[PDB]
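K.L.:
One structure is given below, represented as structure tokens, and several questions about it will come after.
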Amino acid sequence: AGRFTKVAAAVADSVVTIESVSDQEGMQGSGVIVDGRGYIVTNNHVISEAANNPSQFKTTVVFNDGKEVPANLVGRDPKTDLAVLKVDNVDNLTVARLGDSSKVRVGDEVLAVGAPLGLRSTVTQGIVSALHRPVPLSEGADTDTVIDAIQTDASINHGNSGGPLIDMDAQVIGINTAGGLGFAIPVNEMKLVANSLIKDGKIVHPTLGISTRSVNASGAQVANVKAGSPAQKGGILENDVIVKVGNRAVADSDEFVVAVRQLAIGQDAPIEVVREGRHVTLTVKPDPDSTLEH
Amino acid sequence: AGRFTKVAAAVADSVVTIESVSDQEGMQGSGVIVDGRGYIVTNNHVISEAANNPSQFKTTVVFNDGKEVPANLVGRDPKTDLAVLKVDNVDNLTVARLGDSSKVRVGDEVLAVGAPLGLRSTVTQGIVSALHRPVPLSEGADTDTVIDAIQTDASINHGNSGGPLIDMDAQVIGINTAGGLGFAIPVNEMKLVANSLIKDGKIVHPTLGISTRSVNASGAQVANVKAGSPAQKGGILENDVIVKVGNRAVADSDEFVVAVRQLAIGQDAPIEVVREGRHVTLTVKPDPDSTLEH
Amino acid sequence: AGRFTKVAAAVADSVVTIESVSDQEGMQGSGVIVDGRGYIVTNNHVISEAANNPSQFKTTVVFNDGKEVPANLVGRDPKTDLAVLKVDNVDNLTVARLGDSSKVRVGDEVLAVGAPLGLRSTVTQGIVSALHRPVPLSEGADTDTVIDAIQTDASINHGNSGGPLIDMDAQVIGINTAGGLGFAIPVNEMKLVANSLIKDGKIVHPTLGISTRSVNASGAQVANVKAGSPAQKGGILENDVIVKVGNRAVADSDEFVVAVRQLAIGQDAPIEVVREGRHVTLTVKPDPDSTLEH
């Protein structure tokens, strides 16, 4: 048995097809069993259209052994392209073994696994090619976003989006997202997000009220500041060049989006700004993006 | 010597360049020696233009050691993108070792080998990423087709189309076809087809008289039914949704094309159809696509 | 520690980010330390714009440990897409170990390494897929060119262009160039070129005065002959089909460009030509492309 053949075989039972249909449309993606009670993690774009049009879409989970079971949406987070599903009273679930993405190294070998019964499901091979790489992501009326991601040269496509990125111990180290290099959501973010979606059906992310574009001082140049926003109360002005958010230096607007999200809500945070040749350090207190659930 | 270096080296002598030229055009592809009498398997699109314009095209086989020998066309099958060539009275042919594609597993490592002396011939590495994956294929006045294929994440391109897909035992498990994932014709189909082309210069495939498009019941929706066709005599009507052909469930029109071909000619076969909300099981007897050679 | 993880880690300190900025623009690429005095090899397209606009561009070398040091241009060769930089009085440089690209085999495993601190720097894995493969290359007012290159199925992109292509002994066997297969400049050419750029700030290549396009006799068809050129004095005429230059057969115009460059300047060289159905062998003496530095 080949070295990758064995690892691929060992997780097949933990990876499911997810299928949303209506009267005139179908979607299909991959997901992974992360909990014996029947919790399935997939990425938010796979179920996006079912979540926005629930009166017209039905969602099913098809298991490795061909069993087909109805599924219900627990929660979703368009900002990390994650989502959680739930099947009830299904026995003999093989649960995927979650790794620790803070121990992964540039150069480790990985498999990007799609669901064995997906229409065009793929399993691909490569290495980890970069870590903590911000990447933007665009399929419905959901917001665009950016994720600190794992980069790999294994192909990530429609056939394995939502499935797991797998180390050589057959451990999940990320969730593939196709929203020729590929990217996955690191499993440690996946755990935080999924933990919060299972409890509350929602996660709350920090917000500041800024829109930025990338810059020759280099960084994220402020394009617009919302009135009443934390940014306003903190003194940020248009044409300012953000170079640091909290204790994260900021290379461009993509890294800006990610840096705001790892701030604590309602705590003071330093913002470092280059303003008409002068260096300025402001202080902002991030707002929650959704005040009722907070 | 590297692990792949050794396998690549061990088959180089079995892989030949195939070269079709005229007064104003050239084509070039790869082929593989499958028989000591001098039989070479390549894919049909590599020689397509020589086969349709034989008064103007000449075909040559260039061997690993630089020898250049004239070649003759034994037979070709546009429906599986396969073709067989023949060189005469060439001694010391190293024949490729044919594997068994029914023993290949998702995850096995493979090499996709082009001819060592091809202009831009490539040798690439990956794994088997899916099995029995229908794929459509489009370079002359030949019919389009669909093949139950091996999928791999090794790159398949002009530089190794027609060469062999190779396991770690240096055994041929498929024929690469470029007609970023790649596909190959599984060696077990290759054997059946080539066996029939060497004997008869032709192969006969079943036909039904249907054209289909993919479907929300899901499957292959009937777009047109030929008059006098087996489909007519069997009761198939336009707007019917084929969901099963023989004992093969049918996911879309691509899998429909492949499912018809593994039917026996002139034997009764069940077709399962969804017709105005009702499920219907018809009975058709496939015709040969070419009645004289049958 | 994974097998590739170890090799990647072992060269990280030899690979630097190269950064050219102005008032309104930035470029960024990878380079590699090839000499303890502080010599860095990168490819010419990474620094092209700084070299043509030196009054407005500044060039910096950022090391693995975050240190940022000014850099100066030693010499560059657009014809091989190579360039040499120099940092002064930097201690504890880990110098990259140069391999021998004449010992590399089709099938060897390789890593294509970008600088660890590059914005979007990548590290990718594959095999050597072909050797001595001419490839054309196009980012400023620099000439286009063609290089006898190493081909690999490791991805080569903006994130590792200029970095090293690495064998499993952690030895540099080529310089990646992004000017889905990738190509690198073989390390043995890199050594010759860099040796000459460090001494003279220039390299002199042979020239003949011909422009060609590819051909049904196959080869490089002569499109134009400069007046006074070596080609003129040697008898080459338009519509001639060059099939051999020196002792290198010539498949197309791309291989023509490369074959001229390995000729000796000012020595007689045979050119083989097909002219109105007849085979003709001419004699040309290549001129230097730059007569003062010669």
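Note on naming: chains are A, B, ... as they come in the structure tokens, residues start from 1 per chain, ligands start from 1 in the order shown.
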Which residues are near residue 135 (chain B)? Cut-off 9 Å, only C-alpha atoms, ignore same chain within fewer than 5 positions. Put them as a PyMOL selection string.

P.N.:
chain B and resi 145-149+183+254-255

K.L.:
DSSP on the backbone: which residues in region 35-201 of chain B end up as strand (DSSP E)? Give the answer as a VMD selection string.

P.N.:
chain B and resid 35 39 to 42 58 to 62 68 to 70 72 to 77 82 to 86 109 to 113 123 to 137 145 to 152 164 to 166 172 to 177 182 to 186

K.L.:
For chain B against chain C, which residues fall within 7 Å using only C-alpha atoms, given as JSON, numbers by chain?

P.N.:
{"B": [2, 4, 5, 8, 21, 22, 23, 24, 25, 26, 122, 123, 124, 125]}

K.L.:
Under the rule that only C-alpha atoms are counted, which of A:235, A:205, A:249, A:192 is the nearest residue to residue 266 (chain A)?

P.N.:
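Result for the nearest residue to residue 266 (chain A): A:205.
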
K.L.:
Near residue 70 (chain A), within 8 Å and counting only C-alpha atoms, which residues show up once chain neighbours fewer than 3 positions away are dropped, as a PyMOL selection string?

P.N.:
chain A and resi 59-61+87

K.L.:
Can I get the selected residues back with C-alpha atoms, as a compact mmCIF listing (two decimals), in the first residue's frame?

P.N.:
```txt
# COMPACT_ATOMS: atom_id res chain seq x y z
CA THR A 59 -29.43 20.02 2.56
CA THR A 60 -28.27 16.41 2.70
CA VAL A 61 -25.13 14.70 4.02
CA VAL A 87 -26.98 15.24 11.64
```

K.L.:
Need to verify the contact set: region 9-12 of chain C, 8 Å, only C-alpha atoms, exclusion of same-chain residues closer than 6 positions in sequence. Can you return it as a VMD selection string?

P.N.:
chain C and resid 64 96 115 to 116 170

K.L.:
I need the residue nearest residue 231 (chain B) from this list: B:62, B:210, B:258, B:83. Use only C-alpha atoms for the distance.

P.N.:
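Between B:62, B:210, B:258, B:83, the residue approaching residue 231 (chain B) most closely is B:210.
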
K.L.:
Between A:136, A:78, A:172, A:232, single out the one closest to residue 256 (chain A), counting only C-alpha atoms.

P.N.:
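Closest to residue 256 (chain A), using only C-alpha atoms: A:136.
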
K.L.:
What is the distance between CA of residue 29 (chain C) and CA of residue 223 (chain A), in Å to one decimal?

P.N.:
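For CA of residue 29 (chain C) relative to CA of residue 223 (chain A), the distance reads 28.0 Å.
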
K.L.:
Given only C-alpha atoms as the basis, pick out the residue of C:1, C:94, C:19, C:67 nearest to residue 35 (chain C).

P.N.:
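Under the stated criterion, the closest residue is C:94.
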